[PDB]
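The data block below is model-v8.tsv; it holds TSV, C-alpha atoms.
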chain	number	residue	atom	x	y	z
A	8	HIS	CA	196.84	144.03	31.18
A	9	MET	CA	197.57	140.75	32.97
A	10	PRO	CA	201.37	141.14	33.29
A	11	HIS	CA	203.44	138.01	33.86
A	12	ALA	CA	207.13	137.43	34.57
A	13	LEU	CA	208.79	134.07	33.99
A	14	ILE	CA	212.09	134.39	35.85
A	15	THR	CA	214.67	131.72	35.01
A	16	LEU	CA	217.78	132.25	37.16
A	17	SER	CA	220.76	130.10	38.05
A	18	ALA	CA	221.74	131.44	41.45
A	19	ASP	CA	222.20	129.20	44.47
A	20	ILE	CA	219.57	130.83	46.67
A	21	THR	CA	217.20	129.59	49.35
A	22	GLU	CA	213.56	128.85	48.60
A	23	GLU	CA	212.68	131.81	50.83
A	24	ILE	CA	214.79	134.12	48.64
A	25	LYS	CA	213.04	132.70	45.55
A	26	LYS	CA	209.69	133.55	47.15
A	27	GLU	CA	210.89	137.07	48.01
A	28	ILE	CA	211.97	137.49	44.38
A	29	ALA	CA	208.52	136.39	43.20
A	30	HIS	CA	206.89	138.80	45.65
A	31	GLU	CA	209.07	141.76	44.64
A	32	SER	CA	208.60	140.88	40.95
A	33	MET	CA	204.84	141.20	41.25
A	34	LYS	CA	205.28	144.50	43.09
A	35	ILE	CA	207.64	145.68	40.32
A	36	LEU	CA	205.09	144.72	37.65
A	37	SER	CA	202.29	146.60	39.39
A	38	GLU	CA	204.29	149.75	40.14
A	39	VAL	CA	205.89	150.17	36.71
A	40	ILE	CA	203.20	148.78	34.37
A	41	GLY	CA	200.59	150.48	36.57
A	42	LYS	CA	197.97	147.76	37.01
A	43	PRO	CA	196.57	146.41	40.30
A	44	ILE	CA	198.83	143.74	41.73
A	45	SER	CA	195.94	141.27	41.89
A	46	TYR	CA	196.50	140.65	38.16
A	47	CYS	CA	200.33	140.55	38.29
A	48	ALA	CA	201.95	137.11	38.21
A	49	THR	CA	205.43	135.63	38.38
A	50	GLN	CA	207.09	132.20	38.21
A	51	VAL	CA	210.69	131.72	39.38
A	52	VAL	CA	212.52	128.77	37.78
A	53	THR	CA	215.91	127.51	38.98
A	54	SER	CA	218.31	126.80	36.13
A	55	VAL	CA	221.92	126.04	35.32
A	56	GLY	CA	223.14	129.06	33.45
A	57	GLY	CA	225.89	130.77	31.57
A	58	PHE	CA	226.73	134.11	30.07
A	59	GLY	CA	229.58	134.86	27.69
A	60	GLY	CA	230.78	131.26	27.57
A	61	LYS	CA	231.21	131.09	31.35
A	62	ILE	CA	229.11	129.34	33.97
A	63	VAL	CA	228.02	132.19	36.25
A	64	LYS	CA	224.92	133.15	38.21
A	65	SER	CA	222.67	134.75	35.63
A	66	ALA	CA	219.07	135.10	34.63
A	67	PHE	CA	216.57	135.44	31.82
A	68	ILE	CA	213.32	137.29	32.59
A	69	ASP	CA	210.39	136.78	30.21
A	70	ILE	CA	207.82	139.58	30.62
A	71	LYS	CA	204.51	139.12	28.78
A	72	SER	CA	201.20	140.99	28.96
A	73	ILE	CA	198.08	142.12	27.09
A	74	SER	CA	199.76	145.37	26.01
A	75	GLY	CA	201.00	147.98	28.51
A	76	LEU	CA	204.74	147.49	27.90
A	77	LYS	CA	205.44	150.16	25.21
A	78	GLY	CA	207.92	152.59	26.77
A	79	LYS	CA	208.09	150.82	30.14
A	80	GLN	CA	210.81	148.34	29.14
A	81	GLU	CA	213.66	150.48	30.46
A	82	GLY	CA	212.08	150.99	33.89
A	83	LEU	CA	211.33	147.27	34.21
A	84	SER	CA	214.90	146.27	33.35
A	85	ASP	CA	216.34	148.66	35.94
A	86	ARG	CA	214.00	147.38	38.64
A	87	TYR	CA	214.55	143.70	37.91
A	88	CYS	CA	218.32	144.06	37.59
A	89	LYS	CA	218.43	145.84	40.95
A	90	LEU	CA	216.24	143.14	42.48
A	91	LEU	CA	218.31	140.18	41.27
A	92	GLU	CA	221.42	142.10	42.24
A	93	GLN	CA	219.96	142.72	45.70
A	94	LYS	CA	218.54	139.24	46.41
A	95	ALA	CA	220.84	136.90	44.48
A	96	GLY	CA	224.01	138.87	43.74
A	97	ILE	CA	223.53	138.56	39.96
A	98	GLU	CA	225.38	141.20	37.95
A	99	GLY	CA	223.49	143.46	35.59
A	100	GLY	CA	225.76	142.26	32.77
A	101	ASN	CA	224.49	138.69	33.32
A	102	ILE	CA	220.73	139.36	33.03
A	103	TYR	CA	218.69	139.37	29.83
A	104	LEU	CA	215.07	140.46	29.66
A	105	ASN	CA	212.34	140.06	27.03
A	106	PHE	CA	209.13	142.04	26.69
A	107	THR	CA	206.23	140.69	24.63
A	108	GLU	CA	202.73	142.11	24.20
A	109	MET	CA	200.06	139.51	23.48
A	110	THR	CA	196.67	140.07	21.94
A	111	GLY	CA	193.76	139.10	24.16
A	112	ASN	CA	192.64	136.25	21.91
A	113	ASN	CA	195.96	134.50	22.67
A	114	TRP	CA	195.68	135.02	26.44
A	115	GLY	CA	194.14	132.35	28.66
A	116	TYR	CA	192.92	132.83	32.21
A	117	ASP	CA	190.32	130.89	34.25
A	118	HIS	CA	189.08	128.58	31.47
A	119	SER	CA	188.61	131.39	28.90
A	120	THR	CA	190.46	133.90	26.73
A	121	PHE	CA	190.26	137.63	26.07
B	5	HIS	CA	230.07	144.02	13.23
B	6	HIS	CA	226.37	143.97	14.27
B	7	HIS	CA	225.16	143.16	17.79
B	8	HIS	CA	222.60	140.29	18.02
B	9	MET	CA	222.45	139.20	21.71
B	10	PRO	CA	221.50	135.51	21.26
B	11	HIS	CA	219.87	133.51	24.06
B	12	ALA	CA	218.90	129.84	24.38
B	13	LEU	CA	216.52	128.60	27.07
B	14	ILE	CA	216.87	124.81	27.03
B	15	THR	CA	214.12	122.91	28.84
B	16	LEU	CA	215.04	119.24	28.86
B	17	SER	CA	213.82	116.14	30.66
B	18	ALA	CA	216.85	113.84	30.67
B	19	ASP	CA	218.28	112.35	33.86
B	20	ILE	CA	221.71	114.06	33.77
B	21	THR	CA	224.31	115.40	36.20
B	22	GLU	CA	224.68	119.09	37.00
B	23	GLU	CA	228.13	119.00	35.37
B	24	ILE	CA	226.61	117.77	32.08
B	25	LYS	CA	224.07	120.60	32.32
B	26	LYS	CA	226.95	123.05	32.65
B	27	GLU	CA	228.60	121.47	29.61
B	28	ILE	CA	225.32	121.87	27.69
B	29	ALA	CA	225.08	125.55	28.66
B	30	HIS	CA	228.73	126.09	27.71
B	31	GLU	CA	228.45	124.35	24.32
B	32	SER	CA	225.14	126.12	23.66
B	33	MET	CA	226.82	129.50	24.03
B	34	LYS	CA	229.65	128.40	21.71
B	35	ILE	CA	227.06	127.19	19.16
B	36	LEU	CA	225.15	130.48	19.34
B	37	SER	CA	228.32	132.53	18.90
B	38	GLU	CA	229.73	130.43	16.05
B	39	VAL	CA	226.48	130.19	14.07
B	40	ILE	CA	224.81	133.56	14.72
B	41	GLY	CA	228.24	135.17	14.37
B	42	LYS	CA	228.41	137.49	17.39
B	43	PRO	CA	231.08	137.81	20.10
B	44	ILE	CA	230.48	135.08	22.64
B	45	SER	CA	230.45	137.57	25.53
B	46	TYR	CA	226.89	138.40	24.48
B	47	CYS	CA	225.65	134.79	24.17
B	48	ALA	CA	223.72	133.37	27.11
B	49	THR	CA	222.00	130.11	28.02
B	50	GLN	CA	219.81	128.72	30.80
B	51	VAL	CA	219.28	124.95	31.14
B	52	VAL	CA	216.02	123.94	32.85
B	53	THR	CA	215.28	120.41	34.08
B	54	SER	CA	211.75	119.29	33.24
B	55	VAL	CA	209.43	116.29	33.10
B	56	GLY	CA	208.68	115.77	29.45
B	57	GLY	CA	206.85	113.81	26.82
B	58	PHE	CA	206.73	113.40	23.08
B	59	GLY	CA	204.08	111.71	20.99
B	60	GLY	CA	201.94	110.82	24.00
B	61	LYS	CA	204.84	108.92	25.61
B	62	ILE	CA	207.05	109.93	28.54
B	63	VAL	CA	210.58	110.05	27.09
B	64	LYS	CA	213.85	112.01	27.13
B	65	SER	CA	212.97	115.19	25.30
B	66	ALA	CA	213.67	118.88	25.12
B	67	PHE	CA	212.33	122.23	23.99
B	68	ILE	CA	214.92	124.85	22.96
B	69	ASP	CA	213.77	128.49	22.84
B	70	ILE	CA	216.23	130.55	20.75
B	71	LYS	CA	215.80	134.32	20.87
B	72	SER	CA	217.88	137.23	19.57
B	73	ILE	CA	217.77	140.75	18.12
B	74	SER	CA	217.73	139.45	14.53
B	75	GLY	CA	220.49	137.24	13.09
B	76	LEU	CA	218.29	134.12	12.89
B	77	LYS	CA	216.91	134.30	9.31
B	78	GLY	CA	218.63	131.50	7.38
B	79	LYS	CA	220.57	130.17	10.37
B	80	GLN	CA	217.71	128.10	11.86
B	81	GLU	CA	218.63	124.86	10.10
B	82	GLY	CA	222.26	124.95	11.22
B	83	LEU	CA	221.15	125.77	14.74
B	84	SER	CA	218.68	122.86	14.79
B	85	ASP	CA	221.38	120.44	13.66
B	86	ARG	CA	223.99	121.57	16.21
B	87	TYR	CA	221.62	121.62	19.21
B	88	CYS	CA	220.19	118.20	18.32
B	89	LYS	CA	223.71	116.79	18.01
B	90	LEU	CA	224.59	118.39	21.34
B	91	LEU	CA	221.62	117.06	23.36
B	92	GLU	CA	222.08	113.66	21.76
B	93	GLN	CA	225.78	113.54	22.64
B	94	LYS	CA	225.41	114.79	26.24
B	95	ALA	CA	221.91	113.60	27.26
B	96	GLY	CA	220.95	110.82	24.84
B	97	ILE	CA	217.88	112.69	23.60
B	98	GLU	CA	216.72	111.67	20.14
B	99	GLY	CA	216.37	114.21	17.37
B	100	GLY	CA	212.72	113.23	17.02
B	101	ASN	CA	212.11	114.25	20.66
B	102	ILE	CA	213.48	117.82	20.46
B	103	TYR	CA	211.50	120.88	19.40
B	104	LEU	CA	213.05	124.29	18.79
B	105	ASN	CA	211.64	127.80	18.40
B	106	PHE	CA	213.29	130.84	16.84
B	107	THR	CA	212.17	134.36	17.66
B	108	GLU	CA	213.67	137.67	16.53
B	109	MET	CA	213.04	140.55	18.94
B	110	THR	CA	213.15	144.28	18.33
B	111	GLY	CA	215.74	146.12	20.41
B	112	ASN	CA	213.18	148.10	22.44
B	113	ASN	CA	211.87	144.73	23.71
B	114	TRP	CA	215.34	143.61	24.86
B	115	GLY	CA	216.59	144.43	28.36
B	116	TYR	CA	220.16	144.23	29.62
B	117	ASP	CA	222.09	145.66	32.59
B	118	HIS	CA	219.32	148.00	33.83
B	119	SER	CA	218.48	149.38	30.35
B	120	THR	CA	217.06	148.42	26.95
B	121	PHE	CA	218.28	148.63	23.35
C	7	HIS	CA	201.48	119.22	10.33
C	8	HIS	CA	200.96	121.50	13.38
C	9	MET	CA	203.64	120.35	15.89
C	10	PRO	CA	201.86	121.61	19.03
C	11	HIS	CA	203.96	122.13	22.15
C	12	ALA	CA	203.03	122.98	25.74
C	13	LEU	CA	205.60	124.28	28.20
C	14	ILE	CA	203.88	124.11	31.59
C	15	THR	CA	205.48	126.08	34.43
C	16	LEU	CA	203.62	125.36	37.69
C	17	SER	CA	204.45	125.81	41.37
C	18	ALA	CA	202.42	123.05	43.02
C	19	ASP	CA	203.90	120.52	45.47
C	20	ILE	CA	203.18	117.39	43.42
C	21	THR	CA	204.79	114.01	42.86
C	22	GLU	CA	206.95	113.20	39.86
C	23	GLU	CA	204.31	110.65	38.87
C	24	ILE	CA	201.64	113.37	38.84
C	25	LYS	CA	203.87	115.55	36.66
C	26	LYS	CA	204.16	112.71	34.13
C	27	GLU	CA	200.37	112.39	34.20
C	28	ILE	CA	200.02	116.10	33.48
C	29	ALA	CA	202.43	115.83	30.55
C	30	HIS	CA	200.63	112.71	29.30
C	31	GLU	CA	197.24	114.41	29.50
C	32	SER	CA	198.65	117.62	28.04
C	33	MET	CA	199.64	115.87	24.81
C	34	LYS	CA	196.18	114.29	24.60
C	35	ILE	CA	194.61	117.74	25.04
C	36	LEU	CA	196.83	119.08	22.28
C	37	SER	CA	195.95	116.18	20.02
C	38	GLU	CA	192.21	116.34	20.74
C	39	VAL	CA	191.64	120.11	20.57
C	40	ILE	CA	194.05	121.19	17.81
C	41	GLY	CA	192.85	118.08	15.98
C	42	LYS	CA	196.24	116.55	15.16
C	43	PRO	CA	197.71	113.08	15.80
C	44	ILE	CA	199.38	112.81	19.19
C	45	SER	CA	202.69	111.55	17.75
C	46	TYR	CA	203.79	115.20	17.22
C	47	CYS	CA	202.32	116.60	20.43
C	48	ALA	CA	204.95	117.44	23.04
C	49	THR	CA	205.03	118.77	26.58
C	50	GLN	CA	207.50	119.82	29.28
C	51	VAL	CA	206.43	120.21	32.93
C	52	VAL	CA	208.68	122.60	34.88
C	53	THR	CA	208.51	123.05	38.65
C	54	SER	CA	208.64	126.68	39.79
C	55	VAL	CA	208.08	128.96	42.76
C	56	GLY	CA	205.09	131.11	41.90
C	57	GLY	CA	202.80	133.86	43.01
C	58	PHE	CA	199.59	135.57	42.03
C	59	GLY	CA	198.40	138.93	43.32
C	60	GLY	CA	201.54	139.54	45.39
C	61	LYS	CA	201.03	136.33	47.43
C	62	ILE	CA	202.80	132.97	47.18
C	63	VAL	CA	200.21	130.40	46.05
C	64	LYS	CA	200.03	127.42	43.73
C	65	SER	CA	199.82	128.86	40.25
C	66	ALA	CA	200.88	128.15	36.70
C	67	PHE	CA	201.90	129.62	33.38
C	68	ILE	CA	201.28	127.58	30.23
C	69	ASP	CA	203.13	128.46	27.02
C	70	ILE	CA	201.29	126.88	24.06
C	71	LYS	CA	203.07	127.03	20.72
C	72	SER	CA	202.56	125.50	17.27
C	73	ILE	CA	202.87	126.20	13.55
C	74	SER	CA	199.36	127.69	13.39
C	75	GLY	CA	196.30	125.60	14.19
C	76	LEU	CA	195.59	127.66	17.32
C	77	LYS	CA	193.34	130.37	15.83
C	78	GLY	CA	189.93	129.79	17.45
C	79	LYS	CA	190.96	126.87	19.65
C	80	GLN	CA	192.40	129.01	22.49
C	81	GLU	CA	189.11	129.16	24.42
C	82	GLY	CA	188.77	125.40	24.40
C	83	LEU	CA	192.45	124.91	25.21
C	84	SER	CA	192.29	127.15	28.31
C	85	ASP	CA	189.28	125.24	29.63
C	86	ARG	CA	190.93	121.82	29.38
C	87	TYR	CA	194.27	122.89	30.93
C	88	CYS	CA	192.59	124.76	33.78
C	89	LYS	CA	190.51	121.67	34.56
C	90	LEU	CA	193.59	119.47	34.20
C	91	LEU	CA	195.69	121.55	36.61
C	92	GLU	CA	192.76	121.86	39.03
C	93	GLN	CA	192.15	118.11	38.98
C	94	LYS	CA	195.79	116.90	39.12
C	95	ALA	CA	197.48	119.72	41.07
C	96	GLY	CA	194.67	121.61	42.82
C	97	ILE	CA	195.51	124.90	41.08
C	98	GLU	CA	192.62	127.33	40.90
C	99	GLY	CA	191.51	128.65	37.53
C	100	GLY	CA	192.14	132.19	38.79
C	101	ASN	CA	195.86	131.40	39.27
C	102	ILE	CA	196.59	130.15	35.75
C	103	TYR	CA	197.72	132.25	32.80
C	104	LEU	CA	198.06	130.83	29.29
C	105	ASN	CA	199.75	132.12	26.14
C	106	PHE	CA	199.22	131.09	22.51
C	107	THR	CA	201.80	131.65	19.77
C	108	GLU	CA	201.66	130.60	16.12
C	109	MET	CA	205.13	130.14	14.66
C	110	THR	CA	206.08	130.09	11.03
C	111	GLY	CA	207.63	126.82	9.97
C	112	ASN	CA	211.04	128.30	9.19
C	113	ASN	CA	211.16	129.31	12.88
C	114	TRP	CA	210.27	125.75	14.00
C	115	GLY	CA	213.07	123.25	14.53
C	116	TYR	CA	212.79	119.47	14.84
C	117	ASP	CA	215.14	116.48	14.41
C	118	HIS	CA	218.21	118.40	13.17
C	119	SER	CA	216.15	120.41	10.65
C	120	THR	CA	213.39	123.00	10.25
C	121	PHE	CA	210.04	123.22	8.46
Represent the supplied structure as structure tokens.
Amino acid sequence: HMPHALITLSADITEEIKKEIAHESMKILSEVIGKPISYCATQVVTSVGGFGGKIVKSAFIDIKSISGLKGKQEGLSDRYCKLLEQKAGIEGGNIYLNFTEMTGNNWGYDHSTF
Amino acid sequence: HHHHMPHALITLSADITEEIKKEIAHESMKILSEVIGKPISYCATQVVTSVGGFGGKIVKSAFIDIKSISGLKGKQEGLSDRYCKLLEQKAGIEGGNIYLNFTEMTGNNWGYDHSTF
Amino acid sequence: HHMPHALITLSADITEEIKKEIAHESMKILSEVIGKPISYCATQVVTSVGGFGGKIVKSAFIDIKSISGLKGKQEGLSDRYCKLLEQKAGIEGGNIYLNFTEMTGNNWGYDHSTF
């Protein structure tokens, strides 16, 4: 399935906390999408962010994979919102998520495609 | 009367202050709300500082990823004009060094506050 | 008129100069493999904190987007970027994911307008 999470968040957090978020994100991907964690990936990007016209700690989480998302979107949102709430104090009302299934031909990994 | 949930992820490579980045995020959300037509409480924006190039040269540039649950069809031109005027005014980025993408998402692929749509 | 773009999110500890070199080479790769002139090839290099397989390690995610012109070139594109990131940033091929997306022109904005 090759799940990936690009997490763009604007909290003032330590680098350690960013690493813990990346770690928990890969665990979340494996547990909810159901694949072995060795193929789960995550990048955490620090941003300057706003929600509803206000500058507030917030996030956008871009989930992409070679299928495996259909029906699992709700569970992933609840896990990620609890995580960013727990590690960065970001409110659920200030987090957007996106889920996108990609065909193998448009998925690159280790010099090749699927 | 119809909920659209617009988002703009702005990746730009200008040398600008954090305050100017906040102003960009703020104006971006106003632009989204005014042009896509939704209440601004549902418009969101993240500004990401990058190292960037255009046309083989290293130059002030940006990539603006606009996403929503519909509401984009026909509004892309107006959005391109307002964002290019914004990044030019605040960061000095030329219109010829900004790319934008527009993507309409189905509700089931949109997460918010522990649930989906 | 393909307008290729590469958004490179990588978590290596590299200099700003090296990041410019990656962006510079990225546009050349776009121009050479998609077959277009480089004047419309564009790239952003974004520094992240990243992991692969539950561990924190240098890794990358590469978002390749254009108005078509990708169909069939993805294999070649993955090979060049994986070699580029290995050579300039020491990132292993097994810690790089890539995505390819063809956009219709009406959903492609540039210089105050669309296509």
Item checked: Using only C-alpha atoms: which of C:109, C:104, C:40, C:52 has the shortest distance to chain A ->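 Using only C-alpha atoms, chain A sits closest to C:104.
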Item checked: chain C contacts to chain A at 9 Å (all atoms listed in the file) as a PyMOL selection string -> chain C and resi 15-17+52-62+65-68+76-78+80-89+98-107
Next item on the list: Return the single residue from B:33, B:105, B:59, B:73 that is closest to residue B:120, with distances computed using all atoms listed in the file.
Entry: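 Smallest distance to residue B:120 is found for B:73.
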Next item on the list: Would you work out the distance separating atom CA of residue B:71 from atom CA of residue B:109, expressed in Å to one decimal?
Entry: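 Spanning atom CA of residue B:71 to atom CA of residue B:109 is a straight-line distance of 7.1 Å.
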Notebook entry, point to check: Which residues come within 8 Å of residue B:58, counting only C-alpha atoms, excluding same-chain residues fewer than 6 positions away, as a list in words?
Noted result: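 Those residues are residues 65 and 101 of chain B; 33, 45, 46, 47, 48 and 49 of chain C.
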Item checked: Interatomic distance (Å, one decimal) between atom CA of residue C:51 and atom CA of residue B:56 -> 6.1 Å
Each chain A residue no farther than 9 Å from chain B, nearest pair in Å, all atoms listed in the file, as a tab-separated table:
residue	atom	partner	partner_atom	distance
A:15	CA	B:50	CA	7.3
A:16	CA	B:50	CA	7.6
A:17	CA	B:50	CA	7.4
A:52	CA	B:52	CA	7.7
A:53	CA	B:52	CA	7.1
A:54	CA	B:52	CA	4.9
A:55	CA	B:51	CA	5.1
A:56	CA	B:50	CA	4.3
A:57	CA	B:49	CA	5.3
A:58	CA	B:48	CA	4.3
A:59	CA	B:45	CA	3.6
A:60	CA	B:30	CA	5.6
A:61	CA	B:30	CA	6.7
A:62	CA	B:26	CA	6.8
A:65	CA	B:50	CA	8.2
A:66	CA	B:50	CA	7.5
A:67	CA	B:50	CA	7.5
A:68	CA	B:115	CA	8.9
A:76	CA	B:113	CA	8.7
A:77	CA	B:112	CA	8.5
A:78	CA	B:112	CA	8.2
A:80	CA	B:113	CA	6.6
A:81	CA	B:119	CA	4.9
A:82	CA	B:119	CA	7.5
A:83	CA	B:118	CA	8.0
A:84	CA	B:118	CA	4.8
A:85	CA	B:118	CA	3.7
A:86	CA	B:118	CA	7.2
A:87	CA	B:118	CA	7.6
A:88	CA	B:118	CA	5.5
A:89	CA	B:118	CA	7.5
A:98	CA	B:117	CA	7.7
A:99	CA	B:117	CA	4.0
A:100	CA	B:117	CA	5.0
A:101	CA	B:117	CA	7.4
A:102	CA	B:116	CA	6.0
A:103	CA	B:116	CA	5.1
A:104	CA	B:115	CA	4.4
A:105	CA	B:114	CA	5.1
A:106	CA	B:113	CA	4.9
A:107	CA	B:113	CA	7.0
Checklist line | Proximal residues of chain C relative to chain B (only C-alpha atoms; 10 Å) as number ranges by chain | finding: C: 9-15, 22-23, 25-34, 36-37, 43-53, 71-72, 109-121
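Rounded to one decimal, atom CA of residue C:93 and atom CA of residue C:39 lie 18.5 Å from each other.
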Margin query: I'd like the neighbourhood of residue B:96 as a VMD selection string, where a residue qualifies if any of its atoms comes within 8 Å (using all atoms listed in the file), though same-chain residues fewer than 4 positions away should be ignored.
Written below: chain B and resid 18 64 91 to 92
